[PDB]
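When you line the sequence shown up against the deposited numbering, it's residues 3791 to 4121, 4145 to 4187, in that order.
Idealized CB from N, CA, C, for every residue including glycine.
Below you'll find the structure, written out as structure tokens, and then a few comments.
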Amino acid sequence: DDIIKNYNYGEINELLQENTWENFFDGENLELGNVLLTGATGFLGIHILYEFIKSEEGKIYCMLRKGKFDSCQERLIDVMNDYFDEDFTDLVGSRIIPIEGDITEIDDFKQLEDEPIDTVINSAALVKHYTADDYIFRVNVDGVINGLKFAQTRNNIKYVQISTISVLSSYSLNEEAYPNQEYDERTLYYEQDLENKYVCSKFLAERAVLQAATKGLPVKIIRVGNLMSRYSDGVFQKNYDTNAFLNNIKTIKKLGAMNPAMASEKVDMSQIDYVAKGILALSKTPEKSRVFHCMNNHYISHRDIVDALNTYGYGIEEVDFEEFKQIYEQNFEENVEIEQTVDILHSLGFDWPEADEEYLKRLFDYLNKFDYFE
């Protein structure tokens, strides 16, 4: 908190104060043009890629490492095949340009100097809530700084950072210095809890991005939440077992029950295909529209989730604090406001589908092909 607190946020906050409905409604929109996509092999990135191809006209440059594969072109085609039935190889080389590189190497952007990019969408990130080393800050902060530096070699390149609602992490740890504190799309710093490495890293990427805006860079920060399976067909991420949220669902299923604090917990189910649609729509908003809370606003409860699980016959029951506390041993967020983004998204013809029972069954059906609940 040396690097965090020893920082004058006055300029940043003055920008954030332009991020109002009046300034969206009266502002002049931006065009996507050609996109440079980082993170194109991840769960969110590969769906941004899909939506771009399905509903925008430009090219999209995908920075990735060849890895074990022969060419980075072949790696990308393997990932798209893994996620979509459509074959997309015909577009590779014309609309999808694969690019060998890693956002932690500033030199890996130099090859893009002569290409016509208008927009950088940075969805590459290391999301590991517990890590014992500092490589998370290479990917999440330094990879952002490297992209911002690429964007600043020009005057016509937007930078769109994919951030996390979790930067609004807690009540203030200094209510005295932050009275009447709001938690919305005009908030970045209010001495919240930043002890967690992942949250601290995304916080420092946002601060870097908004700092670049004070120097003239057109930027957007899109805070996403609980990234869940596609709405169209319930397909989840290829590494299905790293998700803590669904892991707790799997514990409650194996324990056979949950206390009513668990049943009452409300969550967003931001369906990954709709997160991608939303990222591409908010990228066209006027320049003073800089920060967005892009998450399904129709929260559901764990009562709703287990209700859908119980259609499989798991008989998960809601016990009491005592009853539950016995079956185990045998083995602020409401304050966070997202209404301004919901309004902007609505005006752009975007409405979050409800995480209803039929969608939860689509989601659980896919998980069950991996015997996730067996």
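Indicate the three-state DSSP secondary structure (helix, strand or coil) for residue 3826 in the structure shown.
-> strand
Tell me, which residues are paired with residue 3852 by DSSP?
-> 3827, 3888
Could you tell me which of 3889, 3842, 3979, 3896 sits nearest to residue 3796, measuring between CA atoms?
-> 3979
Since residue 3954 is in the beta strand (DSSP E), which residue starts that stretch and which ends it?
-> 3948-3954
Taking C-alpha atoms, which residue in 4185, 4019, 4153 lies nearest to residue 4167?
-> 4019
Residue range of the unbroken beta strand (DSSP E) whose run includes residue 3909 = 3909-3912
Which whole runs of the alpha helix (DSSP H) in the region 3965-4020 are 4 residues long or more, in chain order?
-> List check, alpha helix (DSSP H) in window: 3987-4004.
May I ask you to report which of helix, strand or coil DSSP gives residue 3918?
-> coil
How many Å lie between residue 4178 and residue 4024 at the Cα?
-> 7 Å
Quickly, what does DSSP pair residue 4056 with across the bridge? List them, please.
-> 4091
Verify whether the separation of the beta carbon atoms of residue 3842 and residue 4161 is less than 8 Å.
-> Going by beta carbons, residue 3842 and residue 4161 fall outside the 8 Å limit.
Which value, in whole angstroms, describes the spacing of the CA atoms of residue 3967 and residue 3981?
-> A direct Cα-Cα distance of roughly 9 Å separates residue 3967 from residue 3981.
Close beta carbons around residue 4107, own chain, < 6 Å, minus the five adjacent residues each side = Sequence-distant partners of residue 4107 (beyond 5 residues in either direction) whose C-beta falls short of 6 Å from its own C-beta, in its chain, are 4047.
Run the CB neighbour count on residue 3899, radius 10 Å, all protein chains shown included, and call it buried at 16 or more, exposed below.
-> Buried.
Do you know offhand how far residue 4138's Cα is from residue 3866's?
-> In this structure residue 4138 is absent; the chain steps straight from 4121 to 4145.
To which residues of the same chain is residue 3873 closer than 8 Å at the C-beta, ignoring the five residues directly before and after it?
-> 3836, 3837, 3840, 4025, 4028
Among residues of its own chain, excluding the 5 on either side of residue 3932, which ones have a beta-carbon nearer than 7 Å to its beta-carbon?
-> 3894
Euclidean distance between Cα positions of residue 3825 and residue 3844 | 14 Å
Nearest-angstrom beta carbon gap, residue 3975 and residue 4120 [assumed within contact, 8 Å] = Contact doesn't hold; Cβ gap of about 45 Å is too wide.
Residue 4109, enclosing alpha helix (DSSP H) - first and last residue = Looking at the DSSP string, residue 4109 is not in any alpha helix (DSSP H), and its letter there is neither H nor E.
For residue 3901, does the three-state DSSP call read helix, strand or coil?
-> helix
Provide the residue(s) that pair with residue 4048 in DSSP beta bridges, ordered along the chain.
-> For residue 4048, the pairing in a beta bridge is given by DSSP as 4108.
Given 8 Å as the limit, is there contact between the region 4095-4109 and the region 3948-3955, that is, 3 or more CB pairs closer than that?
-> No, the region 4095-4109 is not in contact with the region 3948-3955.
Would you check if the region 3904-3922 and the region 3815-3824 touch, i.e. whether three or more CB-CB distances between them fall below 8 Å?
-> yes
Measure from the alpha carbon of residue 3986 to the alpha carbon of each residue in 4042, 3959, 4075, then state which is nearest.
-> 3959
Would you decide whether residue 4183 is buried or exposed? Buried here means 16 or more other CB atoms lie within 10 Å of its CB.
-> exposed
CB-CB under 6 Å to residue 3800, same chain, minus the five flanking residues each way: which ones, in chain order?
-> none
C-beta atoms of residue 4117 and residue 4045 nearer than 8 Å = yes
Would you say residue 4081 and residue 3806 are within 8 Å of each other, going by their C-beta atoms?
-> yes
If we ignore side chains and look at the alpha-carbon of each, how far apart do residue 3988 and residue 4084 end up?
-> 19 Å
Find out if the Cβ-Cβ distance for the pair residue 3882, residue 3831 is shorter than 8 Å.
-> For the pair residue 3882 and residue 3831, the CB atoms are not nearer than the 8 Å cut-off.
With DSSP run on the structure shown, which of helix, strand or coil describes residue 3814?
-> helix
In three-state DSSP terms, what is residue 4025?
-> coil
Please classify residue 4096: does DSSP put it in a helix, a strand, or coil?
-> helix
Quick one: residues in its chain with C-beta nearer than 7 Å to the C-beta of residue 4059, no 5 flanking neighbours on either side, listed in chain order?
-> 4016, 4018, 4086, 4090, 4168
Name the DSSP bridge partner or partners of residue 4083?
-> 4013
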